[PDB]
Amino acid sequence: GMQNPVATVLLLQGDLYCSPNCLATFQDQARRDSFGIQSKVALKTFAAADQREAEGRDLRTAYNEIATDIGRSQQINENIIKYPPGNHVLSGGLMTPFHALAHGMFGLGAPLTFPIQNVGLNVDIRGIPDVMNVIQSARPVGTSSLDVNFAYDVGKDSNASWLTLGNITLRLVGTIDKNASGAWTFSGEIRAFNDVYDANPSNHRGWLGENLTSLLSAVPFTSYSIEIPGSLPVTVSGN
């Protein structure tokens, strides 16, 4: 099998970590070794696997391949997988909040990218009064412009992404075509402002739970910026 027991345990735990049981299983591991080697190596593997999912790979395949590669070493220390130095990208998948968590403890404060299309937004503008108020403000019949920003609870769409981002600020930018009737169409795009990730584990207590938050309170962290590049084209109409 593997050249070491850390990789062996990773492969054994694949069915649980690459599932909805990931958090509970990781909490149990962290409790067992006091956020020790196996826990740190698991967390780094999650971040690596998420990175690979962001690049187009299958999560479980990516996870298994990283564990297998760790398995080529006879060593068992926490550096048998290194948190890489370059451009980290969040996939929006199962392991994304773990990747963000990993980044606060291993990423040296470097910015991370969360492509807007990976977040899982499904913004219903008609459900946002401050935006609808601006839409339906003093406008000429014909074409006019809209460019406004609004807070958004990402949990409206993805409890998961929420674990990483919480609230963010979105920008709606485009043009409105309106009738002499008062019927209108908006065509444009949603963009997102950068989000500060506060890597203090007390900010993550609800998700991480009592024991893990306690264990991580002892570990150094550096907060960082999450860049949320790109645009989501959208169309909205009303009266």
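Note that residue numbering follows the sequence shown and begins at 1.
For the segment pair 177 to 185 and 207 to 215, the entry gives 177 to 185 the higher mean B-factor, averaged over Cα atoms. Stretches 16 to 24 and 216 to 224 differ in mean CA B factor, with 216 to 224 having the higher one.
Of the candidates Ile76, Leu101, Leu165, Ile125, the one whose C-alpha carries the top B factor in the deposited record is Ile125. When the modelled residues of the chain are ordered by C-alpha B-factor, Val131 sits in the highest third.
In the PDB entry, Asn200 places in the middle third of its chain by CA B-factor. The deposited CA B-factor of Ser145 belongs to the highest third of values across its chain.
Per the PDB record, residue ranking by Cα B-factor puts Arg72 in the middle third of the chain. When the modelled residues of the chain are ordered by C-alpha B-factor, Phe106 sits in the highest third.
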